[PDB]
């Protein structure tokens, strides 16, 4: 009935994150009885001003998804967020397009509820401290600041990949993310460039609070490094006007509401 406190009293701080034991969603659902169809949750204890759509780009990584759900659902409930989990599944065989799938997630999530914050997260990143809140701030937020892959450090100050959070306004302000980055690399840098061109700065928790684990995996022959990525990021200032939310097109092939999440399989076309 009343607003949730600024900081949740349920936080535990650091957590052990391991990808050795096998996960069972049925057990996951059992442990998280408060999560509703489609992976929706809303605090019944207080009112959260954080209406968060968590968007996960995805293709053929059901096992990573299992761990993601096993670790995040309890964390997100502790953080007292009014959230929804959206897996944006790329149908087909073209190179993976992370940013386009995040754009899709943004539009589809809005059909479900009036979310005011969007967390974009790779399916293989898990936060090691629940103090790293999965929500939005006065400035665009970069959440995966100290990934084990980078030695629990931020690899470069312009890094905005992994997990990030933008309020609806911040996202609308940069015309969303690019749709033309096919294959691996650079799209997160393009997004970084967009935020800077729109007068915004990147906010981040410190290196201790932002520790994260990445489930490593074998190279994806379907996500080869994008040869045009270096040329593309040098032109964001001009291309963010013509490539983004305003030019997004795709076809929804299926919407599945599972107990722990919503999965939208989409046909996003091919490299033009």
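Numbering follows the first chain given and starts at 1.
### Query
Mean C-alpha B factor from the entry: is it higher for 258 to 266 or for 18 to 26?
Averaging CA B-factors over each stretch, the winner is 18 to 26.
### Message
Tell me which stretch, 152 to 160 or 74 to 82, has the higher mean Cα B-factor listed in the entry.
### Response
Looking at the record's C-alpha B-factors, the answer is 74 to 82.
### Message
Checking the record values for 211, 232, 40, 204, which has the greatest CA B factor?
### Response
Across 211, 232, 40, 204, the entry lists the biggest C-alpha B-factor for 40.
### Among 187, 93, 122, 130 - the residue whose C-alpha B-factor is largest in the record
Going by the entry's C-alpha B-factors, 93 comes out highest.
### Task
Report the third (lowest, middle or highest) to which the CA temperature factor of residue 215 belongs, ranking only the modelled residues of the same chain.
It falls in the top third of the chain.
### Query
So where's residue 57 on the chain's Cα temperature factor ranking, which third?
Answer is lowest: the recorded C-alpha B-factor places it there.
### Task
Quick one: classify residue 192 as lowest, middle or highest third of the chain based on its Cα B-factor.
It belongs to the lowest third of the chain when residues are ordered by C-alpha B-factor.
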